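Okay, structure first, notes after.
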Amino acid sequence: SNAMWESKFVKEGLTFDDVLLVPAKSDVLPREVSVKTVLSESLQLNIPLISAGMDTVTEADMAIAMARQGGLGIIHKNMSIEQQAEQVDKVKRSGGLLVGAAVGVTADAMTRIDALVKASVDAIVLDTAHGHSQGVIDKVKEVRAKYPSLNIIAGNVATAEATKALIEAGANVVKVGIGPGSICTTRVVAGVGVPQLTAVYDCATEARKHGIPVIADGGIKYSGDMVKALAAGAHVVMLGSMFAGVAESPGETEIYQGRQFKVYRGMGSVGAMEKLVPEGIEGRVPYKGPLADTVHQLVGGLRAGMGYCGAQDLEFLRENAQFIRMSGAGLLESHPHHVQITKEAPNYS
Amino acid sequence: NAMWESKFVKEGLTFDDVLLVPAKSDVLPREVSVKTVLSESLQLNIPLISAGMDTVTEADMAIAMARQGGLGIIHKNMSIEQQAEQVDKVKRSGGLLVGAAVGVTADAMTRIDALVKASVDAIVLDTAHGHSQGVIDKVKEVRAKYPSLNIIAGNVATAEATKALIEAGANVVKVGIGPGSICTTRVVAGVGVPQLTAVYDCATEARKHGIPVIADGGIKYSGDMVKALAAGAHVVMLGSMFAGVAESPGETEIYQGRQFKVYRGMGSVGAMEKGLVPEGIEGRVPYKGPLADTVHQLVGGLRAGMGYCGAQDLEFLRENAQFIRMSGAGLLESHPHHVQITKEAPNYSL
Amino acid sequence: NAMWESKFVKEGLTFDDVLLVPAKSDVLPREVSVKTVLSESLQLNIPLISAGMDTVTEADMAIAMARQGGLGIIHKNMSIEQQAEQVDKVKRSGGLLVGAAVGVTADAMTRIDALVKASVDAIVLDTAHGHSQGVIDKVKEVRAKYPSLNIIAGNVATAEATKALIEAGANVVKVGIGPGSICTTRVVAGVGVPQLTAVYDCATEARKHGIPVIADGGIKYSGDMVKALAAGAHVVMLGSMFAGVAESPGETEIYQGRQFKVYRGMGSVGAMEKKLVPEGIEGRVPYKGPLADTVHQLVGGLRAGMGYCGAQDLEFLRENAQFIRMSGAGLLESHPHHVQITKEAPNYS
Amino acid sequence: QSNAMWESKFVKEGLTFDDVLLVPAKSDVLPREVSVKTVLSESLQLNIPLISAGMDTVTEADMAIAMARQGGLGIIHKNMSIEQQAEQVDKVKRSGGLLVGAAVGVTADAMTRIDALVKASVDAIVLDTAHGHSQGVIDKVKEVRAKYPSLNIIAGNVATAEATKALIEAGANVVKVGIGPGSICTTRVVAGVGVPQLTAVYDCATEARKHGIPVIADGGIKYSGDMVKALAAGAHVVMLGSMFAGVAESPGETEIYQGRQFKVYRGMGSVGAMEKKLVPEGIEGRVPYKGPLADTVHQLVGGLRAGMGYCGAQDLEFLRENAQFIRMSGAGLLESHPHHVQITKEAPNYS
Ligand SMILES: C=C(C)c1cccc(C(C)(C)NC(=O)Nc2ccc(Cl)c(N[C@@H]3OC[C@@H](O)[C@@H](O)[C@@H]3O)c2)c1
Ligand SMILES: C=C(C)c1cccc(C(C)(C)NC(=O)Nc2ccc(Cl)c(N[C@@H]3OC[C@@H](O)[C@@H](O)[C@@H]3O)c2)c1
Ligand SMILES: C=C(C)c1cccc(C(C)(C)NC(=O)Nc2ccc(Cl)c(N[C@@H]3OC[C@@H](O)[C@@H](O)[C@@H]3O)c2)c1
Ligand SMILES: C=C(C)c1cccc(C(C)(C)NC(=O)Nc2ccc(Cl)c(N[C@@H]3OC[C@@H](O)[C@@H](O)[C@@H]3O)c2)c1
Ligand SMILES: O=c1[nH]cnc2c1ncn2[C@@H]1O[C@H](COP(=O)(O)O)[C@@H](O)[C@H]1O
Ligand SMILES: O=c1[nH]cnc2c1ncn2[C@@H]1O[C@H](COP(=O)(O)O)[C@@H](O)[C@H]1O
Ligand SMILES: O=c1[nH]cnc2c1ncn2[C@@H]1O[C@H](COP(=O)(O)O)[C@@H](O)[C@H]1O
Ligand SMILES: O=c1[nH]cnc2c1ncn2[C@@H]1O[C@H](COP(=O)(O)O)[C@@H](O)[C@H]1O
Ligand SMILES: [K+]
Ligand SMILES: [K+]
Ligand SMILES: [K+]
Ligand SMILES: [K+]
């Protein structure tokens, strides 16, 4: 059989910068469009935004701010079990807010999850580099066996088979993203990945049959990228780069060449794991001030995009929005071009 | 839901994706007719309209545009009395054609009343999303009150949106969602259609009704205008190539050692405040001098383009011009390459 | 609505979109014949013709081109008696082949007569749009007066334009609408055809009548010439790669301590002055020294390319060479990449 | 008729590394468990699928020794006399009985050079040639096969399936693939000839698999992932030049420029390599200094173990037979690299 040999270069993939959402007939204005989403009966968000579970993006201060904006924060796992549990307890104490927590597939995974459940965590995130492995499938089933009502967010994946395997394993939400992270080099050092917009659409196609929402994680650089991800099947997007520069994110502000910056590094980089083979890099990000100003520009772009597509809710955007593919020349026409920009826009660069 | 499996079926082309195919020509570029008829009371000698923006078109720009055979749309970022006076100023300047921009607001009727009493030739019901029930209901209200007033409705980018505004009374449909040089709509909202596909798709629906379409935004060089008109557009609307003109509002300022003019989107922070999630940027463009020199280069490129395609009038070019798709390597071959340019060209900058 | 539905059906390819597929070879590059025959009265030892531009070819350039085995086209930006003097000087220098470019004007016949009296080998009815009735009628007008004169009519880029000029009496058709390095026709008028497709489409029609086509413009490296010949062209025309040559008109101008020479398009403002809507730009090119060194690299790169394709002569390459289409990433792989070039090569600048 | 070749001129399409991505599949193995061993022949088995290029700025005695101790193979370049190369191969074989190869051109002194290398206990000779689909190369492969029936013969370079079949029938045990993809190469620019390397590897492996012949993916590998893509395209082993030139074991000394250390890396077809008139098919340049070879090899093998772990491949045969790609645009390439973040520190596998 040579079926696998002749199908190597058949599939095509698309990313955010390859398409545009086609405007449709609209009766609702951006001001009166609903942006709420339901990941599960216990996890309902006012805005479809989740801060990434990374050591440079989300701790308690970011999770508290995210939940108060209507979103969700994922406490990273690069800390002790008692430390992460103390932050989850700190968030839910500060007004009864939603909070998540990252958990790696390891031997101490169950012990870490036990402390988080005692801290009344709302969703554990079994985050790993390859969600389509048997070790993750087995560990997702163990958490469902011990905690039948616990929200399990499993990732990351990029194929329909992987999403189908995790849904059977007990995952309530499937996080899609293999490569697109702004600080990610997995596609470069390992050669493996799927274009994110095609990855979200392929995984959502399988997950919508079982009523399982998916999380588009990584690759979102502008507000429009989020609208393209949600319109491709995602119930919610996870952001890392666009949340690293906010004031509430962990770490202090640094001065470089006079301007204020913040440290943003991938969890697979050398510094974050402290002879290792990294799949991420360490970098800096401009300080953008408080989170409220960044969230406002994100939801504002979503409300504008939903107003164009005639979507009064994120379900109509998920079921009716149509894309149109474009070339590189179409992308340059989409951005500003042939004009010397004088000052900064709050929602562009 | 068949919509799910068809999400990524469509393809869209822009100006830099295609080239006009040269055909047999019995007419010289000097002998072609660039005239265009948009309605029974609106006929332009050149297919050029200056955008209704606070850095592009006012009284001085509209007067100059009409003297060249074009049309000028006075922007709406001013009081109703100030916009009506500039419309009257253009009309008393030799009987020139003039337009005015009106937003789809509750005071739109009050603004239109002053413009029609100022003998405005056309009103542009300009908004971000033309395919909304608010625009459809507004153009019908203007149609009922003024059955003979020319109504330009936009912006749209689909055939269904063009059908909605035509059947709602609009005489001309303006096409362009996201192509503007100062526009970030496709970036912040992720919504748009590649302009040449948008013009062609909208022109296909409007051609059934005998309705002209305006190609608005995305035109960086004079050749892009020839592609837009060949894709089905009766007339193009320019903003970037008109802001560096002396007749445009604002004064000259020295930047990068050269003379520059302020050019900003009407959806940017500065324009929305002087007349918050924006959909445009604030920038500047090189100073190009009087409008006469710029218009001559634009029309000259169109006359050359129509001469290559063998089109005597704009109808032949609209109905017979053929394109050919090219890659990015074709775009770099189309521009100058591997030669360090020493002097400016009047139709090619940098 | 057939014409309305077929507007965006055609697709064109240029040099940087393809590569020549290497084939079985029994001949070495040095043993390969590169001679070409454009007519019984015009055979060239090398498949190279210098462009008829005021900054590329005059008397001294045509002599050096002919003694290398090529051909020079004396441009038309000079008096009628001055051009006949230049054509005479080339024939006075050993009976060499020489051409002259004339425009489609009322004095075209008056200019051609003075050049035929000078025993010109080929007249070149150069034109921005060769598919015009004025060009077609003037080809019949010149052919009826000179049945034995070689007429190079252009420029065209479609098969229907090639056929229109052939039956008009033109025995050689020059192909190129837009690809010139100094050309802005595709930018100011929006009209053009990718040069590789334009040559292929014109060669397909011209080969039915045994008419050779000239690949004019768009050739920046020696490999682009091999692709143009492999597309069906008998000979290529160069302007940029011959402008920096000492034999080209004008003396050397210095810029940042380096030797340069002015290279401008015949449709640029400066060339036509010797209110105007130009289709070309004015620029400079690095001084490359004598023509013999540039031709050696060009013909040398052809011998290798013909060796890779197993072509003994230019007829086998025109009839058997295969291309393979590549993406922009293929072009980046084709050039040197991820290495800091320290020395400039004689054929790669 | 005769218009068959005329109408099929622009039909083929080619893919390179930056055109595709490996599609992750279900995996039961961890990257530390995967087997990276490969068998070009029973007398030439490499523990890692890495071969250093036979160039005067990449591989000599010190590099070939270091490559073999990591489980790879070094190809001694041919820009030296017969006694020098025979002694260079002898120096590697004396240094613990390590595997070593040597480059031999298709010339009159070819048999004289090969006889000195076979006596030096060489394990594989490489008929390195700009165009491997020539009759002189085909004749010279048969000539070596007739005299040394058990000698490993590596022939190249080719980029089509019919060329691969011609080299196999001539007697070559391994076929090198790569016409144009080299980082220092200008063949595709000066001669316009070539095939995108990932498509060339796939087409040549398709023909070579029918004869049970391994294929070497030569050239174009810029990062660790490009090797994984080349092996997943059907190649048994990859050959690297740019990613090995800046290694401390490479020939030549280091030079400091603006604080950073560099090392000269030039193509064999360049002027400088042929000098010690000419129409070159390569350029001369410099690459960053990467220190000892062990640090570069560790990242290469580490990235390969990660890719196979993503693809669910325990061995390299599973990756050759089962790995599926997905094609992407230039906008997919920018998403694959880091983006919109100012890199502050240099990663050991990404610069
Ligand atoms: C890319 C990201 C996000 C990242 C984040 C932090 C760190 C990493 C690092 C850099 C450590 N690389 C990584 O882990 N590579 C990898 C490659 C292939 C596979 Cl198959 C796996 N498998 C996973 O580890 C082994 C088992 O635990 C298995 O169950 C689990 O799936 C992992 C990478
Ligand atoms: C893009 C441009 C040119 C621009 C110009 C000035 C300002 C704007 C701003 C930045 C204000 N953004 C905008 O208005 N966004 C938008 C998005 C979706 C929709 Cl659905 C609508 N609907 C419109 O507003 C509500 C009703 O009045 C409705 O009738 C009308 O269609 C508007 C943008
Ligand atoms: C592009 C090049 C090479 C070039 C070179 C020098 C000068 C030019 C200029 C800049 C002058 N532009 C030009 O001429 N534009 C053009 C456009 C359309 C047509 Cl249809 C034609 N028609 C031709 O001119 C009128 C008659 O002579 C007719 O017979 C003939 O076909 C010409 C351009
Ligand atoms: C591209 C590389 C790697 C390279 C490396 C060093 C040097 C070269 C040079 C620059 C010398 N160019 C080269 O050799 N060009 C070439 C082109 C076509 C053919 Cl057909 C051949 N044929 C070969 O030479 C003639 C006969 O020996 C024949 O048997 C053999 O196949 C060679 C290039
Ligand atoms: O070190 C890394 N290697 C690979 N992926 C990473 C790494 N760190 C974070 N990610 C992923 O990338 C996402 C952030 O994407 P961003 O918004 O583009 O920065 C995270 O939520 C993770 O899914
Ligand atoms: O701020 C804005 N946001 C989005 N589009 C705009 C804005 N202002 C003007 N436009 C559009 O852009 C056109 C001009 O763009 P340009 O001529 O390509 O630079 C105008 O005629 C409008 O259709
Ligand atoms: O100014 C001009 N406008 C358009 N095309 C030109 C002009 N001048 C020269 N050309 C064309 O460009 C060719 C040379 O371009 P090059 O060889 O690519 O640099 C000439 O032989 C002409 O066919
Ligand atoms: O000068 C040359 N011209 C063309 N290819 C070359 C030349 N020199 C080396 N190569 C090839 O390029 C390979 C290495 O390329 P790299 O790994 O991409 O830098 C070598 O193993 C050779 O196959
Ligand atoms: K834009
Ligand atoms: K050009
Ligand atoms: K190369
Ligand atoms: K990435």
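Quick note on naming: the chains in the structure tokens go A, B, ... in the order shown, residues restart at 1 in each chain, and ligands are numbered from 1 in order of appearance.
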Select the residues contacting ligand 4 at a distance of at most 6 Å, based on only C-alpha atoms and all ligand atoms, then format the selection as a compact mmCIF listing (two decimals) with C-alpha atoms, in the first residue's frame.
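Resulting contents of pocket_9.txt:
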# COMPACT_ATOMS: atom_id res chain seq x y z
CA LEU C 28 29.32 19.34 -21.87
CA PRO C 29 28.67 23.11 -21.63
CA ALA C 304 25.77 25.43 -18.12
CA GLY C 307 24.25 21.35 -20.25
CA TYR C 308 21.87 20.71 -17.36
CA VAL D 106 34.49 12.85 -12.74
CA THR D 129 29.27 16.68 -9.56
CA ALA D 130 27.22 19.74 -10.52
CA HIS D 131 25.03 17.60 -12.82
CA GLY D 132 24.84 13.94 -11.81
CA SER D 134 25.55 13.12 -17.28
CA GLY D 136 30.41 10.89 -17.93
CA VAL D 137 29.05 10.44 -14.41
CA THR D 187 23.14 27.52 -9.92
CA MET D 268 32.93 24.87 -4.22
CA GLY D 269 31.64 26.45 -7.43
CA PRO D 280 31.00 30.41 -10.99
CA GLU D 281 27.92 28.69 -9.59
>> DSSP on the backbone, helix (DSSP H, G or I) only: what residues of range 29-64 of chain D does that give? Format it as a ChimeraX atom specification.
In response: /D:61-64
> If you count only C-alpha atoms and all ligand atoms, which residues end up within 9 Å of ligand 8, as number ranges by chain?
Replying inline: C: 333, 336-339; D: 51-55, 128-130, 156-157, 176-188, 217-222, 239-245, 265-271, 273, 280-284
With C-alpha atoms kept, could you save the residues just selected as a tab-separated table (two decimals), in the first residue's frame?
chain	number	residue	atom	x	y	z
C	333	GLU	CA	15.94	28.87	-1.75
C	336	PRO	CA	21.99	32.39	-1.57
C	337	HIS	CA	20.39	32.50	1.86
C	338	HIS	CA	21.44	32.77	5.52
C	339	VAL	CA	25.06	33.54	4.61
D	51	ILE	CA	26.70	14.09	6.96
D	52	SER	CA	29.04	17.07	6.73
D	53	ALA	CA	29.44	18.48	3.24
D	54	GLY	CA	32.57	17.74	1.23
D	55	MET	CA	33.67	21.36	1.01
D	128	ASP	CA	30.36	14.96	-6.35
D	129	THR	CA	29.27	16.68	-9.56
D	130	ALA	CA	27.22	19.74	-10.52
D	156	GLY	CA	25.19	13.19	-7.16
D	157	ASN	CA	23.77	15.50	-7.56
D	176	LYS	CA	22.62	12.53	-3.29
D	177	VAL	CA	19.78	14.92	-4.16
D	178	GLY	CA	20.15	18.69	-4.50
D	179	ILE	CA	20.40	20.92	-7.58
D	180	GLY	CA	20.41	24.51	-6.36
D	181	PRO	CA	19.23	24.55	-2.72
D	182	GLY	CA	22.63	25.22	-1.12
D	183	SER	CA	22.93	28.37	0.95
D	184	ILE	CA	26.07	29.35	-1.01
D	185	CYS	CA	24.68	28.16	-4.36
D	186	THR	CA	23.79	30.30	-7.37
D	187	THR	CA	23.14	27.52	-9.92
D	188	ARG	CA	19.41	28.28	-10.08
D	217	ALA	CA	18.91	15.24	1.14
D	218	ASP	CA	21.74	17.63	0.25
D	219	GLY	CA	21.40	21.38	0.66
D	220	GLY	CA	18.76	23.88	1.70
D	221	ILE	CA	18.54	22.90	5.37
D	222	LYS	CA	18.52	26.20	7.28
D	239	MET	CA	23.89	16.57	4.30
D	240	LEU	CA	24.65	19.96	5.86
D	241	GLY	CA	27.13	22.67	4.97
D	242	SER	CA	25.97	26.02	6.32
D	243	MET	CA	24.97	24.67	9.74
D	244	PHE	CA	28.40	23.00	10.08
D	245	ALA	CA	30.72	25.66	8.63
D	265	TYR	CA	31.96	29.59	4.23
D	266	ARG	CA	32.06	29.46	0.43
D	267	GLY	CA	30.70	27.26	-2.33
D	268	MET	CA	32.93	24.87	-4.22
D	269	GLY	CA	31.64	26.45	-7.43
D	270	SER	CA	32.70	29.91	-6.28
D	271	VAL	CA	35.78	31.70	-7.58
D	273	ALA	CA	37.35	27.59	-4.19
D	280	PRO	CA	31.00	30.41	-10.99
D	281	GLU	CA	27.92	28.69	-9.59
D	282	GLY	CA	28.53	29.69	-5.96
D	283	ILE	CA	29.44	32.62	-3.75
D	284	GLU	CA	31.90	33.26	-0.93
> Given a cut-off of 6 Å, what residues near ligand 9 show up using only C-alpha atoms and all ligand atoms, put as a list in words?
Replying inline: residues 333, 334, 335 and 336 of chain A; 178, 179, 180, 181, 183 and 184 of chain B
Test item: residues no farther than 6 Å from ligand 7, counting only C-alpha atoms and all ligand atoms, as an mmCIF file with N, CA, C and O atoms, in the first residue's frame:
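File written: selection_8.cif
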data_model
loop_
_atom_site.group_PDB
_atom_site.id
_atom_site.type_symbol
_atom_site.label_atom_id
_atom_site.label_comp_id
_atom_site.auth_asym_id
_atom_site.auth_seq_id
_atom_site.Cartn_x
_atom_site.Cartn_y
_atom_site.Cartn_z
ATOM 1 N N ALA C 51 19.881 46.397 -26.336
ATOM 2 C CA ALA C 51 18.647 47.152 -26.492
ATOM 3 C C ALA C 51 18.884 48.444 -27.265
ATOM 4 O O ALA C 51 19.934 49.083 -27.152
ATOM 5 N N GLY C 176 7.558 41.738 -25.284
ATOM 6 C CA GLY C 176 7.833 42.410 -24.030
ATOM 7 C C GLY C 176 6.966 43.627 -23.782
ATOM 8 O O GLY C 176 7.223 44.703 -24.330
ATOM 9 N N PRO C 179 8.085 44.242 -18.792
ATOM 10 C CA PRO C 179 9.061 43.620 -17.888
ATOM 11 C C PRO C 179 10.370 44.383 -17.733
ATOM 12 O O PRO C 179 11.210 43.961 -16.930
ATOM 13 N N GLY C 180 10.572 45.477 -18.464
ATOM 14 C CA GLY C 180 11.864 46.144 -18.432
ATOM 15 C C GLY C 180 12.199 46.660 -17.042
ATOM 16 O O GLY C 180 11.332 47.141 -16.308
ATOM 17 N N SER C 181 13.482 46.558 -16.683
ATOM 18 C CA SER C 181 13.924 46.976 -15.356
ATOM 19 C C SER C 181 13.689 48.462 -15.122
ATOM 20 O O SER C 181 13.528 48.892 -13.974
ATOM 21 N N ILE C 182 13.671 49.261 -16.189
ATOM 22 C CA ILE C 182 13.419 50.692 -16.088
ATOM 23 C C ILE C 182 11.992 51.047 -16.494
ATOM 24 O O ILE C 182 11.680 52.227 -16.678
ATOM 25 N N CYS C 183 11.120 50.054 -16.634
ATOM 26 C CA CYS C 183 9.785 50.249 -17.180
ATOM 27 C C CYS C 183 8.748 50.361 -16.070
ATOM 28 O O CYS C 183 8.807 49.636 -15.073
ATOM 29 N N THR C 185 5.315 50.746 -17.257
ATOM 30 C CA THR C 185 4.074 50.636 -18.021
ATOM 31 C C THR C 185 3.013 49.870 -17.241
ATOM 32 O O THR C 185 1.854 50.295 -17.162
ATOM 33 N N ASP C 216 12.433 40.255 -24.861
ATOM 34 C CA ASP C 216 12.901 41.613 -24.615
ATOM 35 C C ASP C 216 12.467 42.056 -23.224
ATOM 36 O O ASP C 216 11.267 42.177 -22.953
ATOM 37 N N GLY C 217 13.440 42.300 -22.353
ATOM 38 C CA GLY C 217 13.180 42.859 -21.044
ATOM 39 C C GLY C 217 12.944 41.802 -19.978
ATOM 40 O O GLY C 217 12.621 40.648 -20.256
ATOM 41 N N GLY C 218 13.117 42.223 -18.726
ATOM 42 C CA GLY C 218 12.852 41.378 -17.582
ATOM 43 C C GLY C 218 13.993 40.485 -17.149
ATOM 44 O O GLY C 218 13.869 39.809 -16.120
ATOM 45 N N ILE C 219 15.098 40.465 -17.886
ATOM 46 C CA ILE C 219 16.208 39.559 -17.617
ATOM 47 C C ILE C 219 17.234 40.304 -16.772
ATOM 48 O O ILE C 219 17.900 41.227 -17.252
ATOM 49 N N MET C 237 16.843 39.988 -25.671
ATOM 50 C CA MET C 237 17.289 41.372 -25.741
ATOM 51 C C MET C 237 17.538 41.871 -24.327
ATOM 52 O O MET C 237 16.703 41.669 -23.438
ATOM 53 N N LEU C 238 18.685 42.511 -24.119
ATOM 54 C CA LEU C 238 19.096 42.978 -22.805
ATOM 55 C C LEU C 238 19.343 44.479 -22.835
ATOM 56 O O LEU C 238 19.785 45.033 -23.846
ATOM 57 N N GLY C 239 19.056 45.131 -21.711
ATOM 58 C CA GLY C 239 19.288 46.554 -21.573
ATOM 59 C C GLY C 239 20.015 46.897 -20.290
ATOM 60 O O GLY C 239 21.015 47.621 -20.307
ATOM 61 N N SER C 240 19.525 46.366 -19.168
ATOM 62 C CA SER C 240 20.140 46.659 -17.877
ATOM 63 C C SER C 240 21.518 46.021 -17.757
ATOM 64 O O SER C 240 22.467 46.663 -17.292
ATOM 65 N N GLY C 265 14.987 54.730 -19.083
ATOM 66 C CA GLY C 265 14.082 54.189 -20.074
ATOM 67 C C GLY C 265 13.773 55.185 -21.177
ATOM 68 O O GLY C 265 13.759 56.398 -20.973
ATOM 69 N N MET C 266 13.520 54.648 -22.373
ATOM 70 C CA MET C 266 13.175 55.492 -23.511
ATOM 71 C C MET C 266 11.834 56.189 -23.327
ATOM 72 O O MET C 266 11.567 57.182 -24.011
ATOM 73 N N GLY C 267 10.990 55.692 -22.430
ATOM 74 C CA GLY C 267 9.750 56.343 -22.071
ATOM 75 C C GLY C 267 9.835 57.217 -20.841
ATOM 76 O O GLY C 267 8.798 57.658 -20.336
ATOM 77 N N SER C 268 11.038 57.472 -20.333
ATOM 78 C CA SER C 268 11.210 58.354 -19.191
ATOM 79 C C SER C 268 11.214 59.812 -19.645
ATOM 80 O O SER C 268 11.287 60.122 -20.837
ATOM 81 N N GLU C 279 6.357 56.446 -19.040
ATOM 82 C CA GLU C 279 6.225 55.036 -18.696
ATOM 83 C C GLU C 279 7.576 54.416 -18.360
ATOM 84 O O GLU C 279 7.742 53.196 -18.462
ATOM 85 N N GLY C 280 8.546 55.237 -17.963
ATOM 86 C CA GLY C 280 9.849 54.742 -17.561
ATOM 87 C C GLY C 280 10.481 55.679 -16.555
ATOM 88 O O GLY C 280 10.036 56.817 -16.369
#
>> Taking only C-alpha atoms into account and nothing else, which residues of chain C lie no more than 7 Å away from chain B? Please answer as a PyMOL selection string.
In response: chain C and resi 3-4+7-14+16-17+129+131-133+178-179+181-184+186-194+218+277+281-285
> Pick the closest to chain A from D:15, D:238, D:58, D:138: which is it, counting only C-alpha atoms?
Replying inline: D:15
Closest atom pairs, residues of chain A within 6 Å of ligand 2, only C-alpha atoms and all ligand atoms, as JSON lines:
{"residue": "A:29", "atom": "CA", "partner": "ligand 2", "partner_atom_place_in_ligand_line": "20 (Cl)", "distance": 5.1}
{"residue": "A:30", "atom": "CA", "partner": "ligand 2", "partner_atom_place_in_ligand_line": "18 (C)", "distance": 5.7}
{"residue": "A:304", "atom": "CA", "partner": "ligand 2", "partner_atom_place_in_ligand_line": "17 (C)", "distance": 4.1}
{"residue": "A:307", "atom": "CA", "partner": "ligand 2", "partner_atom_place_in_ligand_line": "20 (Cl)", "distance": 3.8}
{"residue": "A:308", "atom": "CA", "partner": "ligand 2", "partner_atom_place_in_ligand_line": "20 (Cl)", "distance": 4.8}
>> I'd like the contact shell of residue 20 in chain D - 6 Å cut-off, only C-alpha atoms, skipping same-chain residues fewer than 4 positions apart - returned as a list in words.
In response: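 Listed by chain and then number, they are residues 326, 327 and 328 of chain D.
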>> Contacts from chain D to chain A, 7 Å maximum, only C-alpha atoms: show me the residue list as a PyMOL selection string.
In response: chain D and resi 21-28+223-226+228-229+299+302-304+306-307+310+321-328+331-332+335-345+347+349
>> Could you list, as a PyMOL selection string, all residues that come within 8 Å of ligand 6? Count only C-alpha atoms and all ligand atoms.
In response: chain B and resi 50-53+128+155+175-185+216-220+237-242+264-268+271+278-281
> residue 168 in chain B: which residues within 9 Å, counting only C-alpha atoms, same-chain residues fewer than 5 positions away excluded, as JSON, numbers by chain?
Replying inline: {"B": [136, 137, 138, 139, 140, 143, 163]}
Restrict the selected residues to N, CA and C atoms and save them as a compact mmCIF listing (two decimals), in the first residue's frame.
# COMPACT_ATOMS: atom_id res chain seq x y z
N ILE B 136 -30.11 51.22 4.56
CA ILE B 136 -31.19 50.91 3.63
C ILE B 136 -32.42 51.76 3.93
N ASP B 137 -32.76 51.90 5.21
CA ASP B 137 -33.90 52.73 5.58
C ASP B 137 -33.63 54.21 5.35
N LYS B 138 -32.37 54.64 5.47
CA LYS B 138 -32.07 56.06 5.32
C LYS B 138 -32.12 56.48 3.85
N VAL B 139 -31.60 55.65 2.95
CA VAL B 139 -31.62 56.01 1.53
C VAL B 139 -33.04 55.99 0.99
N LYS B 140 -33.91 55.12 1.53
CA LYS B 140 -35.31 55.13 1.12
C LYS B 140 -36.01 56.39 1.60
N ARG B 143 -34.90 59.00 -0.72
CA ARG B 143 -35.53 58.78 -2.01
C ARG B 143 -36.97 59.29 -2.01
N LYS B 163 -27.25 44.93 -4.33
CA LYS B 163 -28.66 44.76 -4.65
C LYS B 163 -29.55 45.44 -3.61
>> Just to confirm, what's the straight-line distance from atom 18 (C, counted along the ligand's line) of ligand 3 to CA of residue 130 in chain C in Å (one decimal)?
In response: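 Separation between atom 18 (C, counted along the ligand's line) of ligand 3 and CA of residue 130 in chain C: 9.3 Å.
You can rank D:167, D:29, D:11, D:104 by their closest distance to ligand 1 using only C-alpha atoms and all ligand atoms, and at the top of that list sits D:29.
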> Distance CA of residue 128 in chain C-CA of residue 42 in chain C, one decimal place?
Replying inline: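 Computing the Euclidean distance for CA of residue 128 in chain C and CA of residue 42 in chain C yields 24.2 Å.
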>> With 7 Å as the limit and counting only C-alpha atoms, what residues in chain B lie close to chain A? Please list them as a count of residues only.
In response: 39
